[PDB]
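Trainee: First, the structure itself, so that you have it in front of you.
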Amino acid sequence: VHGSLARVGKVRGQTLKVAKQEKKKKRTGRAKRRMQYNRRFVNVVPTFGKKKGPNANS
Amino acid sequence: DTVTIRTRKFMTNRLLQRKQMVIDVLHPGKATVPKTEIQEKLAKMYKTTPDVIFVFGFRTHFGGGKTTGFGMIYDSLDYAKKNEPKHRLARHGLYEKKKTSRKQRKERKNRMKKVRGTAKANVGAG
Amino acid sequence: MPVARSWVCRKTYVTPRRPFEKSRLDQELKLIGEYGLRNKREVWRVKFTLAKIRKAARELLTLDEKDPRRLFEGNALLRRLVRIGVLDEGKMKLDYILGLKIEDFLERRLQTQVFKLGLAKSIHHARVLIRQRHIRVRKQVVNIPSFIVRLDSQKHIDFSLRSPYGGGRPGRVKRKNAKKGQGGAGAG
Amino acid sequence: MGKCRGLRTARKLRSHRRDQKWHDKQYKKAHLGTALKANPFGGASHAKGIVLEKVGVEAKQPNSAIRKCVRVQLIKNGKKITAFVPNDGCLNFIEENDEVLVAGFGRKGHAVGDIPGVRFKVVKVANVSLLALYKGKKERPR
RNA sequence: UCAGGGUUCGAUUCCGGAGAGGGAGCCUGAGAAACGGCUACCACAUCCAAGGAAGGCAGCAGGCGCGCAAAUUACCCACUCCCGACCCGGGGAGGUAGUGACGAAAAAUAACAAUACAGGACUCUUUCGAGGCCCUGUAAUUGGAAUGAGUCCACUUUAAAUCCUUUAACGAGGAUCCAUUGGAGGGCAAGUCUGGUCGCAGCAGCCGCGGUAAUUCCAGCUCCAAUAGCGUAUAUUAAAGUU
């Protein structure tokens, strides 16, 4: 351990800092509901019955 | 020009020495019509001078092209100067509004209440 | 202090009781996508007007046949559904009001009619033609996509007379492009 | 089991219900007013007080931590309170002998989670919010 | 707020009552035990040449104190109505504008073509391959057309003005004319990604996460929900057949 126990703010002060990697604008209003409809219903690829969620990483 | 005028729900009014009606104006592709152009066209309809004609309250519908207002024609100018409210005579030079503020009138009254007999020194220049 | 104002107003929708019901979420999104709506509140408005219609018909069906109130308010509710084209003239009794669905009302919007009448190429193009002053109902320029079209008003939807389609002046893009194009020869 | 049913029994029914409502724990404390005299806020949703002392309280097992708290004296009554300070490092903003706005912890006078005997939390310091300090939108004026 | 039966609230624009710092007494008048009338005691408190004199915002604006907690010392009798000897004078009653995410209704923030790759019908063919017509994206990036948000002249508006509606002139390629507030173990929609910390710092309504390979802390990316709005504290109705 470095310095004392019961020291406030430790982990937020240790953590290495990284800048935002985004650039492009997102859609708003009607145009976002249009995009969500086309992605969820219109053209879709089938799977085995253990069906897969929208954010599957591995 | 395309600017056209019509009159609706008309009445003669012998108790106030006038005739009175609703006025509809068609004007597609233009801004609202000036009241000076409206009253000379009404003069040409009723075959009077425009000097005894009063018009007011014009409002324009959404998408344009049509507007509606109210108007009156008097039998002579001495009946008009008795029966019209003073602000409509002032719109074209027949009456002049007094130029004091309401607070000047209030505070002169409250200074006069502190004196008795021939109070004019608190009135002419006080 | 006393004042000449008035304070009457009301809400026109209700929120659902289960926030995250999977069976409800995708059903509402399919209605948004098929009719070209902006948000969930725009669907919850139409469910609320239908619920109030069915709540009144279910009351009148309790009263005896030929009760004076069942005769008067029942004939009024049935005329008012036919006037907007939601109900068929050949049906015309309270028993068939209980068979209506939300998609009967979403079809009577001006945005749906501008697309189905062929003035536009999609349900998303129709809203943009309405909201940009291009479209007319009888004599009147109208600017509101949720306007509900009466059955005699149905045959009088058209372009505006002061519009670049419909016979008016060209827009500010075509005028500038022509101006600076002639200026390409010099002195413009 | 035996409830009376006769057509003239309304005085027995009405007055027995009135008598038995006083055995419900929520009804009684709302209507006697002893809880309204005892509560260190006089029926308010929030209160202002002055920071006396900064302290660390040991969490209840089966877990292990030191929970950062403050002891506070309220302006309108002069009585004493202890309150929790949310988020990582926020104790560094608070200082001593200055005003905080305090709020309830979310359970209507009962304690929350592993912290023994703490009923309140800090929400504003010297007229700036802890959220606006923590997300870097504002700073303490000096 | 509510299946049916109920529970809780009502200082607050309409109607009735009470009171003008606290108690008491009384003049005038058709009508008052009146406070923008008077007399005295009790509590405050202003001026003085120390003899004396004067006072009542729980009216409209404005200030101090209190507290979690509440707007301008603006314009006018034009409208609605009232008072007087009156067709004429008066009205902080009342009307108008300012502040105002208490709260309610409507409604933008991208539409459409062409091109390359992609899905799936259908036809010729044993299969391979080709023709194919209707819908998705998204990149090196293409193309023309539409429009109000803003700026600003005129009419209209009104007591005089502002605002709204009407109408000339400027006004869009996206790297801006850049949408936010809370979440991603379960209840409960959505990551058995990648870096840091090591029962510490912290999270967690509730059950629970962290002791060197964290689905829960701190951050990057991706995704979820509602949307001009979303989170938290506290009173209260339903759920409660837990009165």
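Each chain in the structure tokens gets a letter, A, B, ..., in the order shown, and its residues are numbered from 1; ligands are numbered from 1 in order too.
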For residue 117 of chain E, list every protein, DNA or RNA residue within 12 Å, evaluated using only C-alpha atoms (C1' of nucleotides), and leave out those in the same chain fewer than 5 positions away; present the list as JSON, numbers by chain.
Mentor: {"E": [137, 138, 139]}
Trainee: Could the residues in this selection be saved with N, CA and C atoms (P, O5', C5', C4', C3', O3' and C1' of nucleotides) as a PDB file, in the first residue's frame?
Mentor:
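The resulting file, again.pdb, is shown below:
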```pdb
ATOM      1  P     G E 137     -31.253   1.756 -44.450  1.00  0.00           P
ATOM      2  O5'   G E 137     -30.014   2.223 -43.542  1.00  0.00           O
ATOM      3  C5'   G E 137     -28.695   2.381 -44.034  1.00  0.00           C
ATOM      4  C4'   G E 137     -27.836   1.134 -43.808  1.00  0.00           C
ATOM      5  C3'   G E 137     -26.362   1.437 -44.083  1.00  0.00           C
ATOM      6  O3'   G E 137     -25.663   1.759 -42.891  1.00  0.00           O
ATOM      7  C1'   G E 137     -27.091  -0.392 -45.399  1.00  0.00           C
ATOM      8  P     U E 138     -25.388   3.281 -42.475  1.00  0.00           P
ATOM      9  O5'   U E 138     -23.929   3.241 -41.805  1.00  0.00           O
ATOM     10  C5'   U E 138     -22.960   2.233 -42.085  1.00  0.00           C
ATOM     11  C4'   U E 138     -22.287   2.287 -43.467  1.00  0.00           C
ATOM     12  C3'   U E 138     -21.794   3.670 -43.878  1.00  0.00           C
ATOM     13  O3'   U E 138     -20.715   4.126 -43.074  1.00  0.00           O
ATOM     14  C1'   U E 138     -22.346   2.219 -45.728  1.00  0.00           C
ATOM     15  P     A E 139     -20.118   5.598 -43.268  1.00  0.00           P
ATOM     16  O5'   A E 139     -19.053   5.428 -44.457  1.00  0.00           O
ATOM     17  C5'   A E 139     -17.739   4.959 -44.210  1.00  0.00           C
ATOM     18  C4'   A E 139     -16.941   4.834 -45.511  1.00  0.00           C
ATOM     19  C3'   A E 139     -16.871   6.139 -46.309  1.00  0.00           C
ATOM     20  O3'   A E 139     -15.903   7.047 -45.794  1.00  0.00           O
ATOM     21  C1'   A E 139     -17.108   4.171 -47.706  1.00  0.00           C
TER      22        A E 139
END
```
Trainee: Neighbours of residue 114 of chain D within 10 Å (only C-alpha atoms (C1' of nucleotides); same-chain residues fewer than 3 positions away dropped), as an NGL selection string?
Mentor: (:D and (58-65 or 67 or 111 or 117-118)) or (:E and (204))
Trainee: Check the DSSP output for the backbone and give back, as a count of residues only, the residues of segment 1-182 of chain C in strand (DSSP E).
Mentor: 8
Trainee: How close does each residue of chain C get to chain E, giving the shortest atom pair and distance in Å to one decimal for every residue with an atom at most 8 Å away, counting only C-alpha atoms (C1' of nucleotides), sorted by chain and residue number, as JSON lines?
Mentor:
```
{"residue": "C:1", "atom": "CA", "partner": "E:13", "partner_atom": "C1'", "distance": 6.0}
{"residue": "C:2", "atom": "CA", "partner": "E:13", "partner_atom": "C1'", "distance": 4.5}
{"residue": "C:3", "atom": "CA", "partner": "E:13", "partner_atom": "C1'", "distance": 6.6}
{"residue": "C:9", "atom": "CA", "partner": "E:104", "partner_atom": "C1'", "distance": 5.8}
{"residue": "C:10", "atom": "CA", "partner": "E:104", "partner_atom": "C1'", "distance": 6.2}
{"residue": "C:11", "atom": "CA", "partner": "E:104", "partner_atom": "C1'", "distance": 6.7}
{"residue": "C:20", "atom": "CA", "partner": "E:189", "partner_atom": "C1'", "distance": 5.5}
{"residue": "C:21", "atom": "CA", "partner": "E:189", "partner_atom": "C1'", "distance": 8.0}
{"residue": "C:22", "atom": "CA", "partner": "E:189", "partner_atom": "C1'", "distance": 7.4}
{"residue": "C:39", "atom": "CA", "partner": "E:227", "partner_atom": "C1'", "distance": 7.9}
{"residue": "C:124", "atom": "CA", "partner": "E:111", "partner_atom": "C1'", "distance": 7.8}
{"residue": "C:125", "atom": "CA", "partner": "E:111", "partner_atom": "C1'", "distance": 6.0}
{"residue": "C:128", "atom": "CA", "partner": "E:111", "partner_atom": "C1'", "distance": 7.1}
{"residue": "C:132", "atom": "CA", "partner": "E:147", "partner_atom": "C1'", "distance": 5.9}
{"residue": "C:171", "atom": "CA", "partner": "E:146", "partner_atom": "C1'", "distance": 7.3}
{"residue": "C:173", "atom": "CA", "partner": "E:145", "partner_atom": "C1'", "distance": 7.5}
{"residue": "C:174", "atom": "CA", "partner": "E:145", "partner_atom": "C1'", "distance": 7.5}
```
Trainee: Define the interface residues of chain A facing chain D as those within 12 Å, counting only C-alpha atoms, and report them as a PDB file with C-alpha atoms, in the first residue's frame.
Mentor:
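And here is the file that came out, iface_17.pdb:
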```
ATOM      1  CA  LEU A   5      -5.586   3.736   4.247  1.00  0.00           C
ATOM      2  CA  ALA A   6      -8.858   5.788   4.339  1.00  0.00           C
ATOM      3  CA  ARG A   7      -7.373   8.205   1.709  1.00  0.00           C
ATOM      4  CA  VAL A   8     -10.244   9.646  -0.397  1.00  0.00           C
ATOM      5  CA  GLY A   9     -10.198   9.892  -4.232  1.00  0.00           C
ATOM      6  CA  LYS A  10      -7.505   7.130  -4.720  1.00  0.00           C
ATOM      7  CA  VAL A  11      -8.763   5.193  -7.806  1.00  0.00           C
ATOM      8  CA  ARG A  12     -10.094   8.201  -9.838  1.00  0.00           C
ATOM      9  CA  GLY A  13      -6.640   9.816  -9.216  1.00  0.00           C
ATOM     10  CA  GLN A  14      -4.655   6.657 -10.246  1.00  0.00           C
TER      11      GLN A  14
END
```
